[PDB]
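Below is one structure; the comments refer to it alone.
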Amino acid sequence: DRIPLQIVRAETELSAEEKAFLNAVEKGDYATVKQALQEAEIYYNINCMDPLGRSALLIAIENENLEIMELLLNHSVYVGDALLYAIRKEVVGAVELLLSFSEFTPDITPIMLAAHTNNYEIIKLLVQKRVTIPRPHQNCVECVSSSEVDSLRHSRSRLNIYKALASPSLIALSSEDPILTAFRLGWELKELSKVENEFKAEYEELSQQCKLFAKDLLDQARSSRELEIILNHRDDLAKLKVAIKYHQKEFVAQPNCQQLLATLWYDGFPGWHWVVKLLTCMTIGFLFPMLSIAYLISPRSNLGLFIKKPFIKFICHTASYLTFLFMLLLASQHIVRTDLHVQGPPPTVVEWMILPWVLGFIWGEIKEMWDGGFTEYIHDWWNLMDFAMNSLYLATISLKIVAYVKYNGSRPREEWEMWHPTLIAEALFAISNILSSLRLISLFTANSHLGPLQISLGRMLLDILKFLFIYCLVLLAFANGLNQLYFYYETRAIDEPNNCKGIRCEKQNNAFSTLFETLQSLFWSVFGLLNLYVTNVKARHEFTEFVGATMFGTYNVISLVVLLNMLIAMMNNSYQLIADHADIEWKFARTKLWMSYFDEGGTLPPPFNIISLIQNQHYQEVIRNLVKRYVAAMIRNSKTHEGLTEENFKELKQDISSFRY
Amino acid sequence: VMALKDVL
Ligand SMILES: CCCCCCCC/C=C/CCCCCCCC(=O)OC[C@H](CO)OC(=O)CCCCCCCCCCCCCCC
Ligand SMILES: CC(C)CCC[C@@H](C)[C@H]1CC[C@H]2[C@@H]3CC=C4C[C@@H](OC(=O)CCC(=O)O)CC[C@]4(C)[C@H]3CC[C@]12C
Ligand SMILES: [Ca+2]
Ligand SMILES: [Zn+2]
């Protein structure tokens, strides 16, 4: 009825004299400790540990007392890890004095611990002693052997090294240019989280730390000349392009960089109501062909130089695409019309006028791909869409020529086979029209209202496919079951009214007769477009019809009462996390869009497209001042927590006592 | 390995 309590693992008991010694050391009594040390020296332990494991030097370090610390250091030995304990507490005097069971993993070195503490003064003190830190590897024989010998130690050592390397103080102190080092280190740490799945959080935190350090270093500029020097440094805005390559979104979206980019973008438009802006945009767009011919004839003329402005060039490109879409509208109305019975018809007028635009788009896309390379082309999701639409256009053009060559006579439409080339050409043309009209979504990024919504929608598309996978699995299961049940009662087309078979008839029938038809029927029941009498059978077998109706009802419940609402909930959760960063991502996308019109390579719109020492010296001077303000800034920003002035006041009393004796 | 350096 009682539980005894005993000490299962007991340490060596300390003697009474040692206990008094340790109590005197903790109490900070110099006289008693000095007398105890003297009587121990002349009578004969100095290196005893308390149950917590702290030797007398450790308590001296923890008590922030220098006098008895020197007292033991003069008489005692076995410093051990006292330097690490002094560094962790961030005491400058004790660390300097030391330079002049363990709580730490054995691979820790003083420099890496100082980097971990992110103390600039201690790091600077240690660096002057010619210390060095190993460079971690990226897959050799040694790496493999160490992994087999001890995986835990290997991973922990790598993590410790990478935490030491990612300290802002170390980068600010021992790097030629901290901005490029921060960019590269952040990218490398980001790539490491995808390989080391177990420790992903730590690596993402380190990469975020590097990005924040780079942005904060950029934040210290005080004049426009310094900003230009930093942004234009080359090892054209080379630094901005390097930041874009490394996905430095916080760095790029800084207000000063955005102001400079907006100044470059709205050149020739000083002080850019919205109605006046709309009128100016429409007026410039209406005159795009004349500007294009003016640029073609003579770039030296003022009219030729007029299109070189990025904003006017963007307006001209948008106007050209809008003209192409409008002329696509004309074809859909079939103003010219066709006999409909010509098996191969010559192209109408509208098709001839359309033809140059398609060739210009193909030329632009192929030139872009050739210049960028395969990898850059694969990186852009919009480029894939352009490739698909251009392939569809090419297929339509080839099929029209094939149909014209193959056939010479005329025939009524109702007699042609289903795979006639003309029908495929028309279907592909319609699909290409639909795809071409949807390309205007990529222009929403230039608007302050529409652009954030476009970015957020793009960010949430990953999870929708994740749900469509589960929906496809459930649909396949239920389609298999229903087709297995209902395939014994297939009828013929001639046995139905109007000779129509399937669910696209006036009266739906044969809904679950074939697997393809079962999939089509189950797809359309999501929108309530499948009627309920399709579960009936001509033979009137009530058990089979009841089972089929129950299967259909179970599918309806699962698909509409459960999965749709879970999709709603997950979309709600994902959007909230995404919303906190919408502005930064939108501005990153917008500055990506702006920079594509800065070059002079593609000035012509698509229809007409067919016809060094002193730099480094200045960069170092600005970097020397940016780092100086950074270390000053975050110390004062860390003074929101500095109430230790009174403890220093006690140090003043101690200095007065030292002057006294 | 990389050697750290600071760049009466
Ligand atoms: C990814 C997988 C997720 C799975 C999630 C499952 C969640 C729970 C759902 C279970 C499915 C239930 C299947 C049996 C009922 C549906 C079939 C049916 O009624 O057959 C009709 C057939 C043919 O008319 O008739 C019967 O089976 C008899 C009449 C049943 C009438 C009462 C139904 C009670 C249950 C109603 C649930 C309503 C849910 C939405 C409420 C807003
Ligand atoms: C449904 C039918 C009527 C077609 C709809 C077409 C729109 C989806 C597209 C066509 C032209 C596009 C516009 C073309 C150019 C601009 C200017 C662009 O801003 C600027 O470059 C100028 C500065 C400014 O006004 O903010 C912002 C997006 C916007 C309004 C675009 C928004 C999307 C628009 C209206
Ligand atoms: Ca492209
Ligand atoms: Zn190696």
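In the structure tokens, chains take the letters A, B, ... in the order shown, each chain's residues start at 1, and ligands count up from 1 in the order shown.
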Compute the set of chain A residues within 9 Å of chain B, using only C-alpha atoms, and express it as a list in words.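 Taking only C-alpha atoms into account, residues 124, 127, 128, 130, 131, 132, 133, 134, 135, 136, 170, 173, 174, 175 and 176 of chain A sit within 9 Å of chain B.
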Can you spit out the residues from that selection as a PDB file, in the first residue's frame, using C-alpha atoms?
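Result file is part20.pdb:
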```pdb
ATOM      1  CA  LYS A 124      35.973  39.318 -33.687  1.00  0.00           C
ATOM      2  CA  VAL A 127      38.963  35.464 -35.396  1.00  0.00           C
ATOM      3  CA  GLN A 128      42.082  37.559 -34.736  1.00  0.00           C
ATOM      4  CA  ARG A 130      43.901  32.836 -36.855  1.00  0.00           C
ATOM      5  CA  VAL A 131      41.122  30.295 -36.350  1.00  0.00           C
ATOM      6  CA  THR A 132      39.559  28.365 -39.230  1.00  0.00           C
ATOM      7  CA  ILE A 133      36.389  26.340 -39.840  1.00  0.00           C
ATOM      8  CA  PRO A 134      36.182  23.268 -42.119  1.00  0.00           C
ATOM      9  CA  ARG A 135      34.326  23.455 -45.420  1.00  0.00           C
ATOM     10  CA  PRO A 136      31.541  20.836 -45.620  1.00  0.00           C
ATOM     11  CA  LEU A 170      30.478  35.867 -39.268  1.00  0.00           C
ATOM     12  CA  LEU A 173      33.132  39.999 -40.513  1.00  0.00           C
ATOM     13  CA  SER A 174      34.898  37.481 -42.777  1.00  0.00           C
ATOM     14  CA  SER A 175      33.317  37.753 -46.252  1.00  0.00           C
ATOM     15  CA  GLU A 176      34.417  39.908 -49.182  1.00  0.00           C
TER      16      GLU A 176
END
```
May I have the residues within 9 Å of ligand 3, computed using only C-alpha atoms and all ligand atoms, as an MDAnalysis selection string? chainID A and resid 361 364:366 368:369 377 380 382:387
For residue 65 (chain A), work out the shell of residues within 12 Å, counting only C-alpha atoms and skipping chain neighbours fewer than 6 positions away, then give it as a list in words.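 Here the answer would be residues 25, 26, 27, 28, 29, 30, 56, 57, 58, 59, 71, 72, 86, 91, 92, 93, 94, 97, 650, 651 and 654 of chain A.
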Need to verify the contact set: residue 456 (chain A), 10 Å, only C-alpha atoms, exclusion of same-chain residues closer than 2 positions in sequence. Can you return it as a PyMOL selection string? chain A and resi 451-454+458-461+575+578-579+581-583+585-586
Write a file of the selected residues as an mmCIF file, in the first residue's frame, keeping N, CA, C and O atoms.
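Printed below is again_18.cif as written:
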```cif
data_model
loop_
_atom_site.group_PDB
_atom_site.id
_atom_site.type_symbol
_atom_site.label_atom_id
_atom_site.label_comp_id
_atom_site.auth_asym_id
_atom_site.auth_seq_id
_atom_site.Cartn_x
_atom_site.Cartn_y
_atom_site.Cartn_z
ATOM 1 N N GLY A 451 -3.580 41.610 -60.070
ATOM 2 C CA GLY A 451 -2.338 40.810 -59.971
ATOM 3 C C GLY A 451 -2.160 39.969 -58.716
ATOM 4 O O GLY A 451 -1.788 38.794 -58.877
ATOM 5 N N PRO A 452 -2.415 40.448 -57.479
ATOM 6 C CA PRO A 452 -2.293 39.588 -56.302
ATOM 7 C C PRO A 452 -3.241 38.382 -56.366
ATOM 8 O O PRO A 452 -2.829 37.307 -55.979
ATOM 9 N N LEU A 453 -4.467 38.584 -56.855
ATOM 10 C CA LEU A 453 -5.451 37.475 -56.974
ATOM 11 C C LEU A 453 -4.902 36.414 -57.932
ATOM 12 O O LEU A 453 -5.031 35.217 -57.619
ATOM 13 N N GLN A 454 -4.295 36.840 -59.044
ATOM 14 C CA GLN A 454 -3.744 35.884 -60.040
ATOM 15 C C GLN A 454 -2.627 35.061 -59.393
ATOM 16 O O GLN A 454 -2.593 33.837 -59.615
ATOM 17 N N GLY A 458 -2.557 30.949 -58.615
ATOM 18 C CA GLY A 458 -1.489 30.083 -59.081
ATOM 19 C C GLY A 458 -0.839 29.296 -57.958
ATOM 20 O O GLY A 458 -0.411 28.156 -58.153
ATOM 21 N N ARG A 459 -0.749 29.895 -56.767
ATOM 22 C CA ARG A 459 -0.097 29.208 -55.655
ATOM 23 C C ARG A 459 -0.940 28.060 -55.103
ATOM 24 O O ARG A 459 -0.384 27.091 -54.576
ATOM 25 N N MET A 460 -2.265 28.143 -55.210
ATOM 26 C CA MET A 460 -3.155 27.138 -54.636
ATOM 27 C C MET A 460 -3.444 25.968 -55.569
ATOM 28 O O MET A 460 -4.215 25.079 -55.194
ATOM 29 N N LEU A 461 -2.859 25.940 -56.767
ATOM 30 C CA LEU A 461 -3.199 24.901 -57.732
ATOM 31 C C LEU A 461 -2.579 23.550 -57.403
ATOM 32 O O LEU A 461 -3.023 22.535 -57.950
ATOM 33 N N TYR A 575 -5.264 29.138 -48.218
ATOM 34 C CA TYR A 575 -5.297 30.572 -48.601
ATOM 35 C C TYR A 575 -4.818 31.437 -47.435
ATOM 36 O O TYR A 575 -4.106 32.416 -47.688
ATOM 37 N N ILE A 578 -1.096 31.489 -47.366
ATOM 38 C CA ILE A 578 -0.601 32.171 -48.600
ATOM 39 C C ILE A 578 -0.830 33.684 -48.503
ATOM 40 O O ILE A 578 0.077 34.438 -48.910
ATOM 41 N N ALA A 579 -1.970 34.113 -47.957
ATOM 42 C CA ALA A 579 -2.332 35.552 -47.940
ATOM 43 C C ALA A 579 -1.296 36.432 -47.235
ATOM 44 O O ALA A 579 -1.195 37.613 -47.620
ATOM 45 N N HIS A 581 1.777 36.701 -47.494
ATOM 46 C CA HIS A 581 2.923 37.077 -48.316
ATOM 47 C C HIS A 581 2.519 37.499 -49.725
ATOM 48 O O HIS A 581 3.373 37.556 -50.612
ATOM 49 N N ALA A 582 1.239 37.808 -49.945
ATOM 50 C CA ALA A 582 0.754 38.039 -51.304
ATOM 51 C C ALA A 582 1.439 39.235 -51.955
ATOM 52 O O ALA A 582 1.760 39.199 -53.150
ATOM 53 N N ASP A 583 1.667 40.304 -51.189
ATOM 54 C CA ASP A 583 2.254 41.516 -51.755
ATOM 55 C C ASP A 583 3.665 41.263 -52.270
ATOM 56 O O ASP A 583 4.027 41.705 -53.367
ATOM 57 N N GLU A 585 5.153 38.375 -53.189
ATOM 58 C CA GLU A 585 5.158 37.521 -54.372
ATOM 59 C C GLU A 585 4.638 38.265 -55.595
ATOM 60 O O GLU A 585 5.174 38.109 -56.701
ATOM 61 N N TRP A 586 3.591 39.076 -55.422
ATOM 62 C CA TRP A 586 3.076 39.841 -56.550
ATOM 63 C C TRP A 586 4.113 40.827 -57.065
ATOM 64 O O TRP A 586 4.266 40.997 -58.278
#
```
Env. residues ligand 1 / 8 Å / only C-alpha atoms and all ligand atoms / as a ChimeraX atom specification: /A:470-471,474,546-559,561-563
Only N, CA and C atoms, please: the residues just picked out, written as a compact mmCIF listing (two decimals), in the first residue's frame.
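Output contents, as saved in again-v5.txt:
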```
# COMPACT_ATOMS: atom_id res chain seq x y z
N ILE A 470 -7.54 11.70 -55.58
CA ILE A 470 -8.46 10.90 -54.77
C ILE A 470 -9.81 10.79 -55.45
N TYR A 471 -10.29 11.89 -56.03
CA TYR A 471 -11.57 11.84 -56.72
C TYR A 471 -11.53 10.87 -57.89
N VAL A 474 -11.78 7.28 -56.55
CA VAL A 474 -13.15 6.92 -56.16
C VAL A 474 -14.04 6.73 -57.38
N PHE A 546 -32.67 -1.70 -57.79
CA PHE A 546 -32.46 -1.16 -56.45
C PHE A 546 -30.98 -1.11 -56.10
N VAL A 547 -30.24 -2.16 -56.43
CA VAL A 547 -28.80 -2.17 -56.14
C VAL A 547 -28.08 -1.08 -56.92
N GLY A 548 -28.44 -0.91 -58.20
CA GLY A 548 -27.82 0.14 -58.99
C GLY A 548 -28.13 1.53 -58.47
N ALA A 549 -29.39 1.77 -58.07
CA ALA A 549 -29.75 3.05 -57.50
C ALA A 549 -29.02 3.30 -56.19
N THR A 550 -28.83 2.25 -55.38
CA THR A 550 -28.08 2.40 -54.14
C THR A 550 -26.61 2.74 -54.41
N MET A 551 -26.01 2.10 -55.42
CA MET A 551 -24.64 2.44 -55.80
C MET A 551 -24.54 3.89 -56.24
N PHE A 552 -25.49 4.34 -57.07
CA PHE A 552 -25.48 5.72 -57.54
C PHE A 552 -25.64 6.69 -56.38
N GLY A 553 -26.53 6.38 -55.43
CA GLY A 553 -26.72 7.25 -54.29
C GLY A 553 -25.51 7.31 -53.38
N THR A 554 -24.85 6.17 -53.16
CA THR A 554 -23.63 6.16 -52.36
C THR A 554 -22.54 7.00 -53.02
N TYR A 555 -22.40 6.87 -54.35
CA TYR A 555 -21.43 7.70 -55.06
C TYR A 555 -21.78 9.17 -54.93
N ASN A 556 -23.06 9.52 -55.06
CA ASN A 556 -23.47 10.91 -54.94
C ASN A 556 -23.14 11.46 -53.56
N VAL A 557 -23.45 10.70 -52.51
CA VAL A 557 -23.19 11.16 -51.15
C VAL A 557 -21.69 11.37 -50.94
N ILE A 558 -20.88 10.37 -51.33
CA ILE A 558 -19.44 10.47 -51.12
C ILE A 558 -18.86 11.65 -51.88
N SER A 559 -19.28 11.84 -53.14
CA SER A 559 -18.66 12.85 -53.98
C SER A 559 -19.11 14.27 -53.62
N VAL A 561 -21.29 15.34 -50.72
CA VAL A 561 -21.45 15.72 -49.33
C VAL A 561 -20.14 15.70 -48.56
N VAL A 562 -19.12 15.01 -49.06
CA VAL A 562 -17.89 14.79 -48.31
C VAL A 562 -16.70 15.47 -48.99
N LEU A 563 -16.39 15.03 -50.22
CA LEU A 563 -15.15 15.46 -50.86
C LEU A 563 -15.17 16.94 -51.22
```
Need to verify the contact set: residue 255 (chain A), 12 Å, only C-alpha atoms, exclusion of same-chain residues closer than 4 positions in sequence. Can you return it as a ChimeraX atom specification? /A:215,218-219,221,227,250-251,259-262,583-584,587
Could you give me, as a PyMOL selection string, every polymer residue with an atom at most 7 Å away from an atom of ligand 2, counting only C-alpha atoms and all ligand atoms? chain A and resi 277+311+315+318+322+440-441+443-448
Saved selection, atoms kept: C-alpha atoms, as a compact mmCIF listing (two decimals), in the first residue's frame:
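Writing the result to again.txt gives the following:
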```txt
# COMPACT_ATOMS: atom_id res chain seq x y z
CA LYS A 277 -4.43 57.21 -68.11
CA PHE A 311 6.09 51.06 -71.02
CA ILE A 315 1.42 48.90 -74.58
CA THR A 318 -0.73 44.36 -75.71
CA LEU A 322 -5.73 42.52 -78.70
CA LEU A 440 -4.46 37.28 -71.34
CA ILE A 441 -4.39 36.06 -67.72
CA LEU A 443 -1.13 40.31 -68.12
CA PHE A 444 -3.00 40.61 -64.81
CA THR A 445 0.35 40.92 -63.00
CA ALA A 446 0.72 44.56 -64.06
CA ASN A 447 -2.43 45.62 -62.17
CA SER A 448 -2.46 46.38 -58.45
```
Within 9 Å of ligand 4, counting only C-alpha atoms and all ligand atoms: which residues, as a VMD selection string? chain A and resid 136 to 144
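If you look at CA of residue 290 (chain A) and CA of residue 362 (chain A), they are 23.3 Å away from each other.
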Compile the contact shell of region 41-49 of chain A as a PDB file with C-alpha atoms, in the first residue's frame: residues with an atom at most 10 Å away, counting only C-alpha atoms, same-chain residues fewer than 2 positions apart removed.
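Result went into out-v3.pdb, see below:
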```pdb
ATOM      1  CA  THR A  12      30.053   9.692  -5.201  1.00  0.00           C
ATOM      2  CA  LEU A  14      31.191  14.843  -1.458  1.00  0.00           C
ATOM      3  CA  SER A  15      33.006  15.262   1.841  1.00  0.00           C
ATOM      4  CA  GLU A  17      35.063  20.029   3.656  1.00  0.00           C
ATOM      5  CA  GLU A  18      34.403  19.896  -0.095  1.00  0.00           C
ATOM      6  CA  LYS A  19      30.759  20.848   0.476  1.00  0.00           C
ATOM      7  CA  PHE A  21      34.394  24.731  -0.162  1.00  0.00           C
ATOM      8  CA  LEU A  22      31.719  24.687  -2.868  1.00  0.00           C
ATOM      9  CA  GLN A  35      42.007  30.184   2.974  1.00  0.00           C
ATOM     10  CA  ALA A  36      40.446  26.875   1.904  1.00  0.00           C
ATOM     11  CA  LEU A  37      42.660  26.729  -1.188  1.00  0.00           C
ATOM     12  CA  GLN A  38      45.765  27.489   0.877  1.00  0.00           C
ATOM     13  CA  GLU A  39      44.983  24.867   3.525  1.00  0.00           C
ATOM     14  CA  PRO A  51      26.271  16.454  -8.215  1.00  0.00           C
ATOM     15  CA  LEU A  52      25.228  18.806 -11.029  1.00  0.00           C
ATOM     16  CA  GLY A  53      28.717  18.279 -12.491  1.00  0.00           C
ATOM     17  CA  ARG A  54      30.132  21.815 -12.227  1.00  0.00           C
ATOM     18  CA  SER A  55      33.696  22.123 -10.984  1.00  0.00           C
ATOM     19  CA  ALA A  56      34.595  25.198  -8.937  1.00  0.00           C
ATOM     20  CA  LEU A  57      35.850  26.985 -12.058  1.00  0.00           C
ATOM     21  CA  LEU A  58      32.425  26.462 -13.645  1.00  0.00           C
ATOM     22  CA  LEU A  72      41.845  29.032  -9.296  1.00  0.00           C
ATOM     23  CA  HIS A  75      46.663  27.267  -8.623  1.00  0.00           C
ATOM     24  CA  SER A  76      44.412  24.736 -10.392  1.00  0.00           C
ATOM     25  CA  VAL A  77      44.616  22.808 -13.656  1.00  0.00           C
ATOM     26  CA  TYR A  78      42.145  21.076 -15.990  1.00  0.00           C
ATOM     27  CA  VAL A  79      40.545  24.075 -17.692  1.00  0.00           C
ATOM     28  CA  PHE A 101      30.531  14.993 -18.265  1.00  0.00           C
TER      29      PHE A 101
END
```
